[PDB]
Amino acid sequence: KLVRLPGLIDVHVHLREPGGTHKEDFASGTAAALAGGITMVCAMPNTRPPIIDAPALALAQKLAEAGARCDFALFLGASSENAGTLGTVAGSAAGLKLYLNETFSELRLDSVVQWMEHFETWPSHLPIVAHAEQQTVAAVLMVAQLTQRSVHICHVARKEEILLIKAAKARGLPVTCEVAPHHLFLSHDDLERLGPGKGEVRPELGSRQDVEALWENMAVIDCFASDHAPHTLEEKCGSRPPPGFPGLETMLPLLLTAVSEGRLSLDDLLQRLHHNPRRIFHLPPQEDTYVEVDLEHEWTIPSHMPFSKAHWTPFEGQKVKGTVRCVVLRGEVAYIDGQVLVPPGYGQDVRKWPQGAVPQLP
């Protein structure tokens, strides 16, 4: 007896194309998405070249249109030089991503004044998302208030951060957030098994108390998003390991396991992987699109999932219950039981669909 779900949306993935295609490309990353029950992805801009101007956006759009197997939108990234220059292409992007801490990125902003400039110049009706850890959450929330607009906080990982956001929501402030599976299902207790290379990720893995605080405050979490951040094992275990975990193929099985245990409901899951991604990012429906899952099947996560080029996973050895059996995307079978059946290029940029433009005042 299979359960039919709507097409799930991951608003935070790194697909590494252009410029890092040994780690992942559009074709392999979207195969991993479909195998994880995800039919739409929002791809982050910290590629090489990074997506921080109109020519880079145009290049990435064509590469995505040619390689993606599921539908997508592409973020623009904020830089120290591009505030006020993105107005003509802003509406074609998923939103604007701000990198406000140290991580796998050179998109460094040196000054809060640069954050203010982006919040003042980016069109007020379009999404802004931030990599903002610990006190940086409070600081970017301040900039959002000074400029009278909303902000979405990426991968919330700490009790400190979820309680701050909770207090902001109680004051009626327009803030939303997402949480990634590794911050719900891994902790400091896993660092000995993972080791210091594989274990590198930003935000870093939390304490057991951090993990328990996220679960206790599920009502504060608007979205789940993988922060799929593939790097090869060689890279993860070498002299200067980059931060990040792959996670498209494991996120839904982990969360379905939690549903089966009563830790959250099926509805709680669908709000956070479908309805709230849709409404925060104004993403369009996908016609004739659905995901069929088997909630009874027990398996153990292996040393690598089939599709991501990362060819490793930090969830190796975890027992899960739940698996993706079939994905239909816009009327075509896209995935069955380990086989992807739509080619590179089947996927489309949802911001070009008439129903995918963000409504605005004339």
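Counting begins at 1, following the sequence as shown.
The stretch with the higher mean CA B factor, choosing between 189 to 197 and 125 to 133, is 189 to 197. Between 108 to 116 and 223 to 231, the higher mean Cα B-factor belongs to 108 to 116. The deposited CA B-factor of residue 39 belongs to the lowest third of values across its chain. In the PDB entry, residue 171 places in the middle third of its chain by CA B-factor.
Sort the chain's modelled residues by C-alpha temperature factor and residue 282 lands in the middle third, per the entry. Among the modelled residues of its chain, residue 5 has a C-alpha B-factor that falls in the middle third according to the deposited record. Split the chain's modelled residues into thirds by C-alpha temperature factor. Residue 162 is in the lowest one.
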